[PDB]
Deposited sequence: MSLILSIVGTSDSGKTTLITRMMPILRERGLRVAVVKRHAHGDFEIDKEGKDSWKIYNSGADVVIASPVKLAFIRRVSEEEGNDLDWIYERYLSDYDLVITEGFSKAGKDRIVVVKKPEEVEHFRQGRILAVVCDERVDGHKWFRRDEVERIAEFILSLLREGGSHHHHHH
C-alpha cells in the first residue's frame, strides 16, 4: 500500500512518528518517503555512495528529474518489499491521502488525489474526521486499508 499524508506545516511528522510503533507492532515493514521539491567529498566528486554501519545503511544517489519526481519508480526500484509506504507530502503524485490540517478550510488545498480522511482538532465536514491525538484509531484505519 502507498498512502500520502499531506497537509499544512510539524503535525504530519508527529502523527507519522506516533502511529509508527503501532503499525510496526502489527508486523508491518514501513518506509516513509519525504520529498524536498567526507562522504560528501565522494558524492561531490561524481560517485553515488553507500555508507554501511553495523545497524544502519545509507545510500545516496543522483537521479534524473524524471526519476526523482516519480514516486512509482522509487517504489518499484527500492521499496517493493515494504508492507506500507507513506509519503510525507508528495501531494502532486495523486495517491490516496490523509489530510492533516490546523483549520478545516485548509483541506480544500489538498484535492490532488482521493481524500481518505482528514485529521484536525476542529470539526471537518464532508470527510471521515479524526482528531489529531487519535493516533491509535488513525493507525487502525490505515491497517484496514491494508
Checklist entry - Which parts of the deposited sequence lack C-alpha coordinates? => result 1 to 2, 12, 41 to 51, 161 to 171
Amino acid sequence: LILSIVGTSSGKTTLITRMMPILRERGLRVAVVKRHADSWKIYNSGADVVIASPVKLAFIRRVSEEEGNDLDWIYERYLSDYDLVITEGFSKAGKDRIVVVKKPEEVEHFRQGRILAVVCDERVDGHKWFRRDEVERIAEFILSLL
From here on, numbers count along this sequence of modelled residues.
Next on the checklist: Mean Cα B factor from the PDB record: higher for 55 to 63, or higher for 102 to 110?
Outcome noted: 102 to 110
Checklist entry - Is the mean CA B factor in the deposited entry higher across 79 to 87 or across 38 to 46? => result 38 to 46
Item to check | Where the record places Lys128 (Cα B-factor, split into thirds across the chain) | outcome: lowest
Checklist entry - Thinking about Cα B factors across the chain, which third does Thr14 belong to? => result middle
Checklist outcome for this item: For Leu143, the third of its chain by CA B-factor is the middle
Checklist outcome for this item: Sorting the chain's modelled residues by C-alpha B-factor and splitting them into thirds places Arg26 in the highest
Checklist outcome for this item: For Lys95, the third of its chain by CA B-factor is the middle
